[PDB]
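# Commentary on secondary and tertiary structure
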Amino acid sequence: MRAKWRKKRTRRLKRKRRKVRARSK
Amino acid sequence: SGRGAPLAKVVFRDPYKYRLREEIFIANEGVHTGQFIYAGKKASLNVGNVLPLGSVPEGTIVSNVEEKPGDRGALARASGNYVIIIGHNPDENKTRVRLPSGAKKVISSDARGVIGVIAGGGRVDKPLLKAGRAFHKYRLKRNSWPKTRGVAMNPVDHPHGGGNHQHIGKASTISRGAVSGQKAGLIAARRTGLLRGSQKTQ
Amino acid sequence: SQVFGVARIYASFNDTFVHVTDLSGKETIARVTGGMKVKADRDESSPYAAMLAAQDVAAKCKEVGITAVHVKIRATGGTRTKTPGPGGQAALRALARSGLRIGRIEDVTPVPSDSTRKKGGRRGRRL
Amino acid sequence: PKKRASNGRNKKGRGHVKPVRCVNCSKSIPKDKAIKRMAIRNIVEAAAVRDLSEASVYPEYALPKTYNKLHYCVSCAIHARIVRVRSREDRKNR
Amino acid sequence: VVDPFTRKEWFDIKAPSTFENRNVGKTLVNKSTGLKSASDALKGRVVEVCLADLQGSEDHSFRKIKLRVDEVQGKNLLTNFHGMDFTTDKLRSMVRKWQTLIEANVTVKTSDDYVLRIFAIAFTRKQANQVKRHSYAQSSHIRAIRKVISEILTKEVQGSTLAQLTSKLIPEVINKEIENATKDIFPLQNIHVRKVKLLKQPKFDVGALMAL
Amino acid sequence: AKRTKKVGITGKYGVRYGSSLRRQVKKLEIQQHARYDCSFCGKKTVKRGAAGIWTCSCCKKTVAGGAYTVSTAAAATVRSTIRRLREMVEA
Amino acid sequence: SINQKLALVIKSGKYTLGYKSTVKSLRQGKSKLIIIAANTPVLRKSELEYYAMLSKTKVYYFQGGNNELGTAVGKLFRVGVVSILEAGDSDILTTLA
RNA sequence: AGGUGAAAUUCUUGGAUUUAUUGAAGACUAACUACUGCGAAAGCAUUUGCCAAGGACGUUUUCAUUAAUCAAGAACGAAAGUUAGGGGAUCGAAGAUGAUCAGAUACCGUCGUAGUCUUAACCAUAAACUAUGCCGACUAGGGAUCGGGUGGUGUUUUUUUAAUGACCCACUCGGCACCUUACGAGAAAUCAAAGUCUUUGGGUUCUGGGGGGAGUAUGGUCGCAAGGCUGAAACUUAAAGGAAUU
Ligand SMILES: [Mg+2]
Ligand SMILES: [Mg+2]
Ligand SMILES: [Mg+2]
Ligand SMILES: [Mg+2]
Ligand SMILES: [Mg+2]
Ligand SMILES: [Mg+2]
Ligand SMILES: [Mg+2]
Ligand SMILES: [Mg+2]
Ligand SMILES: [Mg+2]
Ligand SMILES: [Mg+2]
Ligand SMILES: [Mg+2]
Ligand SMILES: [Mg+2]
Ligand SMILES: [Mg+2]
Ligand SMILES: [Mg+2]
Ligand SMILES: [Mg+2]
Ligand SMILES: [Mg+2]
Ligand SMILES: [Mg+2]
Ligand SMILES: [Mg+2]
Ligand SMILES: [Mg+2]
Ligand SMILES: [Mg+2]
Ligand SMILES: [Mg+2]
Ligand SMILES: [Mg+2]
Ligand SMILES: [Mg+2]
Ligand SMILES: [Mg+2]
Ligand SMILES: [Mg+2]
Ligand SMILES: [Mg+2]
Ligand SMILES: [Mg+2]
Ligand SMILES: [Mg+2]
Ligand SMILES: [Mg+2]
Ligand SMILES: [Mg+2]
Ligand SMILES: [Mg+2]
Ligand SMILES: [Mg+2]
Ligand SMILES: [Mg+2]
Ligand SMILES: [Mg+2]
Ligand SMILES: [Mg+2]
Ligand SMILES: [Mg+2]
Ligand SMILES: [Mg+2]
Ligand SMILES: [Mg+2]
Ligand SMILES: [Mg+2]
Ligand SMILES: [Mg+2]
Ligand SMILES: [Zn+2]
Ligand SMILES: [Zn+2]
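Residues numbered from 1 in each chain as written, not as in the entry; some residues may be left out. Chains lettered and ligands numbered in written order. Part of a larger assembly, values for the part shown. Heavy atoms only, no water. Residues with missing side-chain atoms left out of burial classes, pairs and counts.

As deposited, the entry is annotated with X-ray crystallography as its determination method and 3.00 Å as its resolution.

Printed below as a string of structure tokens:
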């Protein structure tokens, strides 16, 4: 990881964490 | 009605008898009531005129062209459609011209075409959105609607018939030489699957 | 009382073209390349292959009997390289040294009015 | 630390210029930043030329030149030895 | 073993009646059958060559030319024109740093119906007393020059049919008509006229050419 | 006041057919129903009848056009193209 | 450009607008010029020039439609043709050809 | 023929590459081009025409405090990306591939979808940089240059003179900068502002408070989406960092 691809990482993590919520109610 | 292009009743003086002849063109985009239409070899270069193709320079756009001149129009007739003059062989007067489908034909340069594009183009962009809006499209064409897929039928009805699943079963592409009764699917398909690109063949 | 020709030489890298035409060119005569008088691919533009290219070409001058020629050196040009390749000033001093008589040189590398973006990408060829 | 007032090279008053392509590798470099040098090769070779004006027509006359203006990206302009690393003080001239 | 050179012919050409050395050289075609002839295949061609060899002195090292052959003419051909050019070497020999460059083009018909377009180009020059190292022009001058160079060239043609002016250029003349029209706006060091060519493929009207 | 925040003329279709088709259908439902200017009459009163048929309400002058606009991008360039080629044929 | 030479006549001189009114100024030799919007029909064009042929006046054909001419004469409606009766203090009558 | 350190994938006797003569399409604007110009910035370079806009200068013109900087709220905003039309020459994320390599769907080679142009919509981020808020005042020399004005028996321009226009010379206001040098500043690198500060106050807005966790979570909010804007804590650490020296 350097910043631009560490950012790409926590963009994927921030977005998979975002969509796992939708499976629930 | 039934056609997506708009027509155009144009009238001419019959040069061998005192009366008028109403010839019915397909309206190129831009022609209007009251406009004067010129029709012949020495006619000039504005949309709506109809000229032999050896006259118009390389790069014009014409429509309802003749494969053999005098057939009174066979090509580029659909809404938004047209052809392009691409070259002239003057001796052996024939003109090569590229078509909607991307193909290129060579037709006797004496062939008549109509300058411009056919009006009413862009019709396909809007979705039909309502099944009935298609019922009505085809009620003024022919009984070609709706299509029920062969895979829903019993094998007595269609080669795609039968099965305890809904599968074509065997390859759905048919060789051009199949016999009528068999030709249900992708006849003489030189490929299948998802393309990405377009025409201009060689 | 002597006649001429048109050399239209094309000195790239990886190959060298000497090709003499009629001043029209709609009829032209017997090209030889740089790879016809050697077969290596790492030795296709080498001056030693340009002398061999002018050799079997001038030898075919009097194939139905003509004498002399004009010259037009053109590098790759276009969008790419714009500078004469190696076998250029080799293949010329060959047919000068080869008795065929010449004059009036011109550089006709096609140079653009800065157009049609070039191969290599934005970071270049990274070697 | 900042190395040069002209940081990359020679632009103060613009904020943007259009880039040029390196003649060796095709790297993109903004024109002002590029290092331009004139190639005006004589059209004949090292010596190699007296052999021609024998084969010449024309009281010799000939001698035209070539003109390519060369733009080099910084990476290639140093590999090619066109430009070399100067001292910390040696670094401001024209 | 075909050797398509012995079995093929060798002809000649005049292009003009303008200058002195009207005759050229030669080439071949598969000797003229019933059609496929040198009569039918041949003379859809034209030429490209320089100028000093046209009119002698070497103040004229530049200037290629085009030459449109019209019709088959008796083991010869007289080729009118399909335009002309300059040298891709000598232009680069002019455009130097620390000076402005002007460039103007125009297109004109000839009264018959044969049409063409022609270019022109000039640079700035330092006055004898200059110490300003760059001699640049004010872009108002530049378009005021561009406007009046163009006014100078079109002044000639269209009081011209296909041939009528063709006569006029050779002695490097209009460069003085620009000069007397432009030594009040800015100095201007190089003036020339690089490129022409014909565009109309009109009614050939045979009776035209034979003047030459 | 403001009736629909986003749906405009396609409010008739309700929730049927999916948000994006209504947005495609919308764009051309506007062009199809728009009042245009007459090139001859000057008056902003030409709107379409059937597809490609555009009639100035007064001045009664009909012209052919695009299926949903009086003029397409294509025709406007082919108009500016034969007129480009026309000018070398005449001169 | 030349658009601009007109708005001086409006405060200065006097004018009328329209077919039915300028066709009078011509029947009286008192329209010293008429201006015709480009988009006006040619039938009306051809016939309006005939009056200038009889009224002993030449005409300047306008480069815009009835819309652009109205804004040019400084009004908010279509205008086919305008007639100048007295230019008063105006440069227009010299500034022609 | 191609291409390369070297090669291979590719084309070609229905004749490639090369040459000619015509033509078409789409992009781009070479060389001129610079320690030059313009714009608030992002940016802006072939011609001419139309539409409005603009700074500097000049002014013995008018108004007269109308101004400066700014929560909130707005306009524009590279490239990419989104949607839908047109357009698609080229180059070219993905992909196809041929090499290389221990492996190498990587750097190289050859193709190639999207994209690259565009219209109508979004989108609002770039090391959006001078990493230097804006307004105002003062504190050093120098020579250049762009635009403007003045001046001068000055050089070139003849129309028939002159007037302009180009150049020289002094000055001048306003720029893009630059060189010298610091008295002063500073951790230094360096700075005419980063000076006029423990001799600490001209006016004003925004931002930071050890390093991670983290621009994460949660709420809100804008977006169609990608994502933007706002933004913690538990926990964890004696460093992480700047500039210079050897
Ligand atoms: Mg990175
Ligand atoms: Mg049915
Ligand atoms: Mg179906
Ligand atoms: Mg079905
Ligand atoms: Mg059953
Ligand atoms: Mg079967
Ligand atoms: Mg069966
Ligand atoms: Mg089945
Ligand atoms: Mg199923
Ligand atoms: Mg090779
Ligand atoms: Mg390297
Ligand atoms: Mg460093
Ligand atoms: Mg500025
Ligand atoms: Mg920037
Ligand atoms: Mg009345
Ligand atoms: Mg009437
Ligand atoms: Mg061939
Ligand atoms: Mg032609
Ligand atoms: Mg032609
Ligand atoms: Mg400038
Ligand atoms: Mg240019
Ligand atoms: Mg704010
Ligand atoms: Mg944007
Ligand atoms: Mg963008
Ligand atoms: Mg698209
Ligand atoms: Mg493409
Ligand atoms: Mg890959
Ligand atoms: Mg690659
Ligand atoms: Mg490629
Ligand atoms: Mg916004
Ligand atoms: Mg910042
Ligand atoms: Mg200040
Ligand atoms: Mg000055
Ligand atoms: Mg000045
Ligand atoms: Mg003065
Ligand atoms: Mg902290
Ligand atoms: Mg912390
Ligand atoms: Mg956490
Ligand atoms: Mg949130
Ligand atoms: Mg450090
Ligand atoms: Zn490079
Ligand atoms: Zn109307």
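Back to the text.
Tallying secondary structure elements over chain E gives three helices and three strands in all. The secondary structure elements of chain E, listed N-terminal to C-terminal, are α-β-β-α-α-β. Relative to the 2.2 N^0.38 estimate, which gives 17 Å for 212 residues, the radius of gyration of chain E is 21 Å and therefore markedly larger than a compact globule would have. Seen along its three principal axes, the alpha-carbon backbone of chain E occupies a region of about 70 × 40 × 25 Å. Counting only contacts in chain E whose residues sit at least 6 apart along the sequence, the fraction spanning at least 24 positions is 58%. (Helix = DSSP H or I, 4+ residues; strand = E, 2+ residues; numbered from the N terminus. Rg over C-alpha atoms; globule rule 2.2 N^0.38 Å. Contact = heavy atoms within 4.5 Å.)

The next thing to look at is unusual backbone geometry. Omega for the peptide link from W145 of chain B to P146 of chain B comes to 0°, which places this bond in the cis form. Within the secondary structure, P146 of chain B is located in the loop between α1 (131–139) and β9 (173–174). A positive phi angle, near 65°, is found at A30 of chain C, a position not held by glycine. Along the polypeptide, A30 of chain C turns up in the loop between β2 (16–17) and α1 (47–58). Relative accessible area serves as the criterion here: at 48%, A30 of chain C is assigned to the partly exposed category. (Buried < 20%, exposed > 50% of the residue type's maximum accessible area, 1.4 Å probe, protein only.)

Turning to the protein's contact with RNA strand H, a few remarks are in order. With respect to spatial proximity, 90 residues lie near RNA strand H, and among them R11 of chain A, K36 of chain D together with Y136, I185 and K197 of chain E are the closest. The sugar and phosphate moieties of RNA strand H supply 77% of its atoms located within 4 Å of the protein. Interatomic distance of 3.1 Å between a side-chain N/O atom of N14 of chain C and a phosphate oxygen of RNA strand H. A distance of 3.5 Å is found between a phosphate oxygen of RNA strand H and a backbone nitrogen or oxygen belonging to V131 of chain E. Contributions of two or more residues to the surface near RNA strand H are made by α1 (3–20) of chain A, β1 (101–109) and α2 (140–153) of chain E together with α1 (19–33) of chain F. The greatest single-element share of the surface near RNA strand H, amounting to five residues, is contributed by α1 of chain A. (Near = heavy atom within 4 Å. Polar contact = N/O pair within 3.5 Å; in protein donor to acceptor, adjacent residues only side chain to side chain.)

Facing the 28 residues of chain C at the interface are 23 residues of chain D. At the boundary of chain C with chain D, total buried surface from both sides reaches about 2,200 Å², with 53% on carbon and sulfur atoms. Where chain C touches chain D, the interface holds two salt bridges. Linking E45 of chain D and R93 of chain C is a salt bridge whose minimum nitrogen-to-oxygen distance equals 3.9 Å. The interface formed by chain C and chain D contains 10 residue pairs in polar contact. The leading source of residues in the side of chain C that touches chain D is helix α2 (residues 88–97) of chain C, at five residues. Looking at side-chain class alone, the side of chain C that touches chain D contains eight nonpolar, eight polar and 12 charged residues. (Buried area = accessible area lost by both parts, 1.4 Å probe. Salt bridge = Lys/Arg side-chain N within 4 Å of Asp/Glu carboxyl O. Nonpolar A, V, L, I, M, F, W, Y, C, P; charged D, E, K, R; others polar.)

This part takes up the pattern of salt bridges. Tallied over the entire structure, the rule returns 19 salt bridges over all chains. Taking the shortest distance from any N to any O, the salt bridge between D71 of chain B and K68 of chain B comes out at 3.9 Å. Residue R8 of chain C is joined to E48 of chain E by a salt bridge in which the shortest nitrogen-to-oxygen separation is 2.8 Å. Of the two residues, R8 of chain C is situated in the segment before β1 (10–11) and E48 of chain E in the segment before α1 (52–55); the pairing between them involves two chains. What emerges from the salt-bridge pattern is a single network uniting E67, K68 and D71 of chain B.

Most contacts, compared over the six pairs of chains touching, are made between chains B and F. Separated without contact, chain A and chain C have their nearest C-alpha atoms at a distance of 18 Å. The least C-alpha distance between chain C and chain G, which are not in contact, is 35 Å.

So, about a nonpolar patch on the surface. All names here are of chain G. Judged by side-chain polarity, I2, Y60, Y61 and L96 come together as a nonpolar surface patch covering roughly 330 Å² of accessible area. Mapped onto the secondary structure, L96 falls in the segment after β4 (81–86). Overall, the relative accessible area of 32% leaves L96 in the partly exposed class. (Patch = residues over 30% accessible without salt bridge, like charges linked within 9 Å, V, L, I, M, F, W, Y side chains within 5 Å. Areas by Shrake-Rupley, 256 points an atom, 1.4 Å probe, with all protein chains shown as cover.)

Glancing now at α1 of chain F. Counted at 1.5 Å a residue, the expected span for α1 of chain F with its 15 residues is 21 Å, and the 21 Å between its end C-alpha atoms agrees. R22, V25, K26, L28, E29 and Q32 of chain F are the residues of α1 of chain F that are buried. In this fold, the buried residues of α1 of chain F make contact with α1 of chain B together with β1 (46–48) and β2 (53–56) of chain F. (Expected span 1.5 Å × (residues − 1).)

Let us look at the sheet that holds strand β5 (residues 83–89) of chain B. Residue and element names in this part refer to chain B. Here four strands make up an open sheet; going across it, the order is β4-β5-β6-β7 and the pairing antiparallel. Both edges of this open sheet fall to β4 (61–62) and β7 (104–108), since each of them pairs with a single strand only. Looking at chain direction, β5 and strand β6 (residues 94–98) are connected through five bridges and run antiparallel. Across the sheet, residue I84 finds its bridge partner in β6, namely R98. (Pairing = 2+ DSSP bridges.)

Turning next to the nonpolar core. If you look at the biggest cluster of nonpolar residues, it comprises 28 residues, and the most contacted ones within it are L67, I102, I145, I149, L153, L188 and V196 of chain E. For this core, the secondary structure elements donating two or more residues are β1, β2 (115–123), α2, α3 (174–182) and β3 (196–198) of chain E. Looking at this core element by element, the count peaks at five residues for α2 of chain E. Excluding residues that lie within four positions of it along the chain, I145 of chain E makes contacts with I102, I185, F186 and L188 of chain E. Listed in part, the 19 residues of the second largest apolar core include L99, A111 and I115 of chain B together with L85 of chain F. (Core = buried A, V, L, I, M, F, W, Y, C linked by side-chain atoms within 4.5 Å.)

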